[PDB]
Structure formats: C-alpha cells, structure tokens
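S.K.: Take this structure, written in structure tokens, and hold onto it; I'll ask about it next.
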Amino acid sequence: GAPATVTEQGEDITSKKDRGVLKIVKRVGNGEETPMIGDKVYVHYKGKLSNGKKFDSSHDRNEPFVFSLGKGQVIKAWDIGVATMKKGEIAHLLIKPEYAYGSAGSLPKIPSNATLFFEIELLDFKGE
Ligand SMILES: COc1cc2cc(c1OC)OCCOC/C=C/CCOC(=O)[C@@H]1CCCCN1C(=O)[C@H]2C1CCCCC1
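The opening position of the sequence shown corresponds to residue 678 in this note's numbering, with each subsequent residue numbered one higher.
Set out below in structure tokens:
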C-alpha cells in the first residue's frame, strides 16, 4: 500500500537523515514559494496509523485544517514536511515516532512508538 511505497521510494527530508520523515510528491503544485515558519497554512489531509488501526481526515470535519507552521500546533513531521510543499501539491508522508508522538504516544488515538502515514494537500498559506 501507500505506506510501503513511501518506505521503499520516499525521500528522507530530515536534517539528521535518520529516515524519520519520508516524502513522495503525488501531485505537483505551482510557484516557487513554500511556507516559512510563522505562516498560516491551509491543508486538506487524510491520515492513519501505519498499521491501519485508526484514521483521520480533515474531511470528517467538513472544512480545511488551518495551522501556523512551527508554532507547535502540529507534530514535528508536519512542520518539516509541509514547509517543503508548494501551493496545490499533494504529498505522502511516512513518519517515525520521534517526529510524531514518541514513546509516550497520545492515547487513546495514538499508541506508543507509532509510525504515521498522511496524504496532505497544500491549499494555501499566508504570512503572519
Ligand atoms: C493526537 O490527537 C489527534 C491526532 C490526530 C487527529 C486528532 C487528534 O485529536 C486532537 O483529532 C482530529 C482533530 O485534531 C486536529 C489536529 C490535531 C493536532 C495533533 O495532530 C497532529 O499534529 C497531526 C497532524 C495534523 C493532522 C492531525 N494529526 C494527527 O496526528 C491525527 C492522527 C493521524 C493518525 C491517525 C489518527 C489521528
């Protein structure tokens, strides 16, 4: 499935090159700008545990998901991954626990030491 494809084929976008955040661009976006830290970012996403045992989508709530990049509003892997995306891009991310919820997890949704998968569409971003 998509998670295994990212394992095999994704780019390691971590600074440490520890394969903690792997990315495939699935649909190319437009322009040269990518979000800077502080920017207000608008996304649609679908996510799940690598193992399929829980799922989540912006669509569940009927509206884009909006966050400020780098303000600790989302997991580290999103701050790292979404900062690489262009407006209109769709990407897949596979994420090791050290860039998500770690050894503690976040019960009941996220177990300890969980690997996470997301599809993310970058709809728009704007400067603070
Ligand atoms: C650990 O708690 C949750 C995790 C996730 C979704 C949750 C959630 O309950 C608070 O509720 C849906 C509404 O929440 C909005 C974003 C939350 C920030 C925390 O989430 C994140 O930083 C990441 C990136 C942004 C989108 C949501 N995502 C999640 O980790 C998801 C999680 C994805 C894997 C499957 C289960 C849900």
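Backbone N, C-alpha and C fix where the C-beta goes; we use that ideal spot for every residue, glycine too.
Per DSSP, which one or two residues make a beta bridge with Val743?
M.R.: Indexing the sequence shown from 1 puts residue 743 at position 66. Paired residue(s): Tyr719.
S.K.: Put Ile797 into one of helix, strand or coil per three-state DSSP.
M.R.: If you number the sequence shown from 1, residue 797 lands on position 120. DSSP places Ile797 in strand when its eight states are reduced to three.
S.K.: Label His736 either buried or exposed according to how many other C-beta atoms from any shown protein chain fall within 10 Å of its C-beta, with 16 as the threshold for buried.
M.R.: In the sequence shown, the residue the question calls residue 736 occupies position 59. It is exposed - the Cβ of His736 has fewer than 16 other Cβ atoms within 10 Å.
S.K.: Hey, would you say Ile767 sits closer than 8 Å to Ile690, going by beta carbons?
M.R.: The residue given as residue 767 occupies position 90 in the sequence shown. The residue given as residue 690 occupies position 13 in the sequence shown. No, these two residues do not count as a Cβ contact at 8 Å.
S.K.: Expressed to the nearest angstrom, what Euclidean distance is found between the alpha-carbon atoms of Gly708 and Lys764?
M.R.: Start at 1 with the first residue of the sequence shown, and residue 708 comes out as number 31. Start at 1 with the first residue of the sequence shown, and residue 764 comes out as number 87. Each residue's Cα considered, the two are about 7 Å apart.
S.K.: If you draw a straight line from the C-alpha of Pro741 to the C-alpha of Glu710, how long is it?
M.R.: On the sequence shown, position 64 is the one that residue 741 refers to. On the sequence shown, position 33 is the one that residue 710 refers to. Those two C-alpha atoms are separated by around 20 Å.
S.K.: Applying the 10 Å Cβ sphere with the 16-neighbour rule, what's the burial state of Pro785?
M.R.: By 1-based counting over the sequence shown, the position of residue 785 is 108. The residue is exposed, with fewer than 16 neighbouring Cβ atoms inside 10 Å.
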